[PDB]
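Let's start with one chain on its own, the form deposited in one PDB entry, as structure tokens.
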């Protein structure tokens, strides 16, 4: 390897020792009797100091020849000094140019000249050279780890279901059709039917973090045609509140991990991520409609709360409860999927829920209808054909325990967490109505 330490891995114990650093040329300052070279890596900048009387002559004349973004490797002696802005400097013994950069650059990695979002997406390798963009993708990785860790500690087993499907769905819209040899198939929009089927296997506690595809005809700042969904299904539950409690603890775990592990990144983003306050407020659909009505937003009982509604509610909850995260539950049965269990004592409402982060839905789920005959009738009530879901219904006939689960959007989770304006800021290569490349 061309390096032995990253900028952040060099501490006081290494004073006076030889190390090897590598990265991109950030800045060169030829000041006559002394020269400076700044190298940038994933964690920061390293100062290479070259006093004329202390370095090799060929090295002294090589420095001013280095250009911005050239990939170089340096071996030298670590020297802790108050004179160095970051605490220490490297007195170079050997400098090697690994690869030279062309000019002009597609984007300004120094941040002076701002670039448009599409320019940044077309040149993602340049975009991440900026600390604030690198900060986002480091946090994204941390979020995925924290989530999986929580699942493991709670007895969940990771599963993997098919992305190429030829089965029926409740909506029948925004599906990406595709040919599978002689047959016609589609890309999966959710592992819903598969994770439910596995509740009849004994696995009991399952989770899957994989991509889902939806051919949305119009772009928004909240979704994309390709997303990473964090799915879970759990058996032997008594009600949907057990699922909500798990979800909030999961989300809280991810948020705290970022606060503990990525303080540097948060600081770079000039953002203060709040400490989760459990349990999050629960707001019934009825109560939500009442609050919105008083704010001028009138939604007829029975239909969905729209984009504007979520926004008004998220703001209301922040002003009245100082709650960036809260649940909406007890939705009308007519507004939710056929697989959600209705409240037996009040059939007009069901055991479904949605988790809102800063006014935007990041997750939805609920307790499912595990009783075969009732489930079949609910499919009929949706105006659908039960025979079309036979492969799925079959799993409910040979001993199916009570169960529930959720679907948590990874992009939406990170976007809302960092309070970013566009979902394209949290995924490397977005897919939308007009973007198929890179």
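Numbering follows the first chain given and starts at 1. For the two forms, the rigid core is made up of the largest set of C-alpha atoms that agree within 1.5 Å on superposition. Shifts are known only where both forms have a C-alpha.
A second form of this protein, the form solved in complex with a small molecule, is not displayed here; the remarks below concern that form.
In the entry with it bound, the small molecule sits beyond 4.5 Å of every heavy atom of residue 350. Residue contact with the small molecule in the entry with it bound: residue 224 places a heavy atom within 4.5 Å of it. The small molecule is not shown here, and in the entry with it bound it never comes within 4.5 Å of any heavy atom of residue 292.
None of the heavy atoms of residue 199 is located within 4.5 Å of the small molecule in the entry with it bound. The stretch from 214 to 222, 258 to 266, 87 to 95, 134 to 142 that comes within 4.5 Å of the small molecule in the entry with it bound, counting heavy atoms only, is 214 to 222. Proximity to the small molecule in the entry with it bound, defined as a heavy atom within 4.5 Å, singles out one entry of 361, 149, 308, 242, which is 361. This chain is displayed alone, yet in the entry with it bound one of 406, 60, 396, 389 has a heavy atom within 4.5 Å of the small molecule; that residue is 406. Annotation: in the entry with it bound, residues 163, 424 and 435 none come within 4.5 Å of the small molecule through any heavy atom. When the two forms are fitted on their rigid core, the residues between this form and the one not shown that move as a run of three or more, each C-alpha shifted by 2 Å or more, fall solely in 168 to 171.
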